[PDB]
There are 2 protein chains.
Amino acid sequence: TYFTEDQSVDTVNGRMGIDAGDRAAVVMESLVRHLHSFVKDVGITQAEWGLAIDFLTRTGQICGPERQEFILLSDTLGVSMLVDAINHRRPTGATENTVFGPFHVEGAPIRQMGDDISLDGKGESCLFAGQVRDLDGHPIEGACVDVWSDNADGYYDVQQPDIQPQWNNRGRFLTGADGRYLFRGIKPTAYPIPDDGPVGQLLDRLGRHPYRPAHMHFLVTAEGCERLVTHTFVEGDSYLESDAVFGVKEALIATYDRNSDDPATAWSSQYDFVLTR
Amino acid sequence: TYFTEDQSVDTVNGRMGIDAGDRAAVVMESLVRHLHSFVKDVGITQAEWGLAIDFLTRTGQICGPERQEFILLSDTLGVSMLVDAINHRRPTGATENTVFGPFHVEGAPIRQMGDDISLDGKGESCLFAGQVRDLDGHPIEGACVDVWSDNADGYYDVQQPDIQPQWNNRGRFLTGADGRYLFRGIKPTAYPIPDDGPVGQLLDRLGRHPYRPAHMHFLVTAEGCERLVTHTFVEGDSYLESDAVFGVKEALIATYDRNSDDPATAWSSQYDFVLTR
Ligand SMILES: CCCCCCCCCCCCCCCCCCCC(=O)O[C@H](COC(=O)CCCCCCCCCCCCCC)COP(=O)(O)OCCN
Ligand SMILES: CCCCCCCCCCCCCCCCCCCC(=O)O[C@H](COC(=O)CCCCCCCCCCCCCC)COP(=O)(O)OCCN
Ligand SMILES: [Fe+3]
Ligand SMILES: [Fe+3]
């Protein structure tokens, strides 16, 4: 007949004109099924529906050059981490992926080893070093170590374009024959995700804080290897067990050593990445 | 301790700081549960995730004074009809609700009975008439009949702000003691929902058309009665069995009679509304 509540799912899915084995049909069949199930499960009202419409609208409207509020929504509802988890499984011993987040920027300067990526000098100086190897234990020559962090104010460069220098706490480093990287930066600082839009509103309404534990992002790539999209977390950070975006993994926690002794930098963090074929 | 695929839902929901019985917690618990189930069900890829982010973003960004693309998305996935369905359980004999759609505009001119709502004179003239009553059969005095339709070009006034006169095919009528309404308009025309944004892209990808059968919208309100948000459909419209927004109900299909004899209007359509509660 016409639409009924009991046949809502079949009614909507049955309008599709594409073959059932087309990937879009498989995805959309499940999306509609789950969406209808949700609405029925909690009895979404007309007013609640209107709230949702308004929220989704504002979420897209606040997106633009320096802000991806839909990524933040995905991130804070654990969707991003879940997508990473089911797609980027790897053997024991290989460094684990985690949530990408929205603040990677392609085409960062290719810098020299030992260069200082902290261009505004805000934070405590830190020496970052380690080795890229394959799963069989061999250093990889010509791996690209693409790194990004916030500054001491809790912001990535792209969040404060007219304040932070371009490429602040960003750089790309290409390993030599020994697989080693080394650069100077600052010790990362815990930061709230942008909380002045819908995502911040929702966290507030759920009695959730917006913070992530301090971390340095590493995107490590090499010919013939799976792309490693990860971060290292500052050991001891108070938010390690309450990351707003669910990104922490035990093995990604990095030690930070205080350097009275080597006063080139105040801190050092050593961390080795292991890629798979 | 940390996020795992198999504990993804508990991990995310467990961060809520509000009481389990708070409406936001009930809704969001189910939203996260269903959203994670969906992602797992069909194995959303990183690329698919990225496509969704972009799509949701564009959907919100194209919203504005004259277009609610999130409503259209809700409508075309059957969510709007479903929310209307589960929030109404009216008695036998009361006129049924259906999908609101995005084109109602508050504060339409209060017109006299017999006034013509068709200001651009595009379409075949039609006389619309009927009676508002209660379930016991008594006319309702002082009901407001708030009506809106497209013009012959298949657009609501707000979709062509520089072309259509303001309030074209819109008006509010207040019933007298006999409960009767009467106005002149045009016979409505089948129309595609706006198909140049994400929603149109999606329908195209699913091999679905963007069309609705011809209809006149009626929002009927009265003191002490449930708000009636409905439409009447043009009998015999070839899209009655394939409404893009699933809004058709048998009882809302209206008969249209041709008037050779009184060529004041070409057509007349008589339809009574029965309010409840
Ligand atoms: C294509 C389909 C599109 C439509 C699909 C429908 C989806 C429905 C799911 C969302 C429904 C959630 C809303 C539940 C409302 C009740 C509890 C939460 C908020 C609530 O209390 O509502 C209001 C306040 O909310 C606030 O101030 C903050 C709430 C923020 C908005 C609600 C959450 C948005 C939904 C998240 C997006 C969906 C995820 C994307 C995949 C006012 O009520 P009150 O009781 O506080 O007032 C009394 C004070 N005097
Ligand atoms: C919290 C945020 C969550 C973040 C998102 C994660 C959730 C996963 C959602 C995944 C949806 C992807 C499904 C699309 C199928 C793609 C695979 C088929 C092959 C292909 O490339 O087709 C594209 C289809 O994508 C398209 O048509 C573009 C994608 C459109 C799908 C998005 C619909 C989402 C519904 C939102 C409801 C709100 C829920 C609130 C609780 C072509 O591209 P094309 O078709 O454009 O080109 C043609 C113009 N006809
Ligand atoms: Fe980050
Ligand atoms: Fe309409």
Side-chain angles (χ1 to χ4, degrees), chain A residues 18 22-28 30-32 34-35 38-39 44 49 52-53 55-56 59 69-80 82-83 98-104 148-150 154 156 169 188 190-191 193 199 202 212-217 231 233 243 245 247, chain B residues 27-28 30-32 34-36 38-39 42 44-45 47-59 70 73-77 79 98-104 148-150 154 156 169 188 190-191 193 195 197-208 212-217 231 233 243 245 247:
Chain A
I18 52 174
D22 170 340
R23 171 66 175 171
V26 167
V27 172
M28 290 307 298
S30 182
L31 188 165
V32 167
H34 281 88
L35 190 48
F38 162 60
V39 162
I44 297 299
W49 171 95
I53 294 288
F55 181 96
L56 291 167
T59 297
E69 191 84 355
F70 268 111
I71 302 182
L72 292 183
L73 185 56
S74 182
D75 288 351
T76 55
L77 292 179
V79 170
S80 306
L82 171 62
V83 169
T98 196
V99 64
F100 196 12
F103 294 122
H104 180 250
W148 68 108
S149 80
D150 72 344
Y156 293 86
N169 297 301
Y191 64 78
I193 75 178
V199 172
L202 172 66
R212 299 209 66 206
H215 59 275
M216 169 68 70
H217 289 266
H231 334 350
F233 297 95
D243 184 5
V245 306
Chain B
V27 168
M28 290 308 297
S30 182
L31 185 156
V32 166
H34 281 85
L35 176 55
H36 289 202
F38 162 60
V39 167
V42 295
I44 294 301
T45 71
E48 284 167 347
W49 173 91
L51 281 171
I53 294 295
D54 173 67
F55 180 99
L56 290 167
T57 301
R58 287 185 290 120
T59 297
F70 267 114
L73 180 60
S74 180
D75 287 351
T76 58
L77 293 182
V79 172
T98 193
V99 280
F100 197 14
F103 289 125
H104 179 250
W148 67 107
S149 77
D150 68 349
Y156 293 85
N169 294 304
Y191 64 83
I193 73 171
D195 71 345
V199 174
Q201 291 155 11
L202 177 60
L203 292 177
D204 180 64
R205 180 64 182 81
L206 296 188
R208 287 178 53 185
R212 297 208 71 214
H215 59 275
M216 168 68 67
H217 292 266
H231 340 342
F233 296 95
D243 187 4
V245 310

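Both ligands and their constituent atoms are indexed starting at 1 by order of listing. Letters A, B, ... are given to chains in the order of the sequence lines, protein chains preceding strands, and every chain is numbered from 1. Scope of the values below: all heavy atoms of this structure, side chains included, with no hydrogens, waters or symmetry mates.
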CG-CG distance between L73(B) and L77(B), expressed to the nearest 0.5 angstrom: 5.0 Å
Under 3.5 Å donor-acceptor, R208(B) side chain and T76(B) backbone: yes
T98(B) side chain to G247(B) backbone, donor-acceptor under 3.5 Å: yes
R212(A) and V99(A): CA distance, side-chain angles, deciding distance, side chain to side chain contact (heavy atoms under 4.5 Å, CB included) verdict: CA-CA 12 Å; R212(A) 299 209 66 206; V99(A) 64; 4.1 Å; yes
Under 3.5 Å: N or O atoms of ligand 2 paired with protein N or O:
residue: ligand 2; atom: 22 (O); partner: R205(B); partner atom: NE; Å: 3.0
residue: ligand 2; atom: 50 (N); partner: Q201(B); partner atom: O; Å: 2.6
residue: ligand 2; atom: 50 (N); partner: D204(B); partner atom: OD2; Å: 2.9
residue: ligand 2; atom: 50 (N); partner: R205(B); partner atom: N; Å: 3.4

pair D75(A)-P102(A): side-chain heavy atoms closer than 4.5 Å: yes
Shell of protein N/O/S atoms around the Fe ion (ligand 4), taken as anything under 2.8 Å: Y156(B) OH, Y191(B) OH, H215(B) NE2, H217(B) NE2
Atom pair CZ/CD of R23(A) and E48(B) - distance to nearest 0.5 Å: 4.0 Å
By ring pair (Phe, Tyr, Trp, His ring centres under 6.0 Å) - contacts of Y191(A) (at least two apart): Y156(A), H215(A)
Set of residues satisfying side-chain hydrogen bond (donor to acceptor under 3.5 Å, both in side chains) with respect to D195(B), sequence neighbours excluded: none
Qualifying residue for ring-ring contact (aromatic ring centres under 6.0 Å, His included) with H217(B), from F233(B), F100(B), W148(B): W148(B)
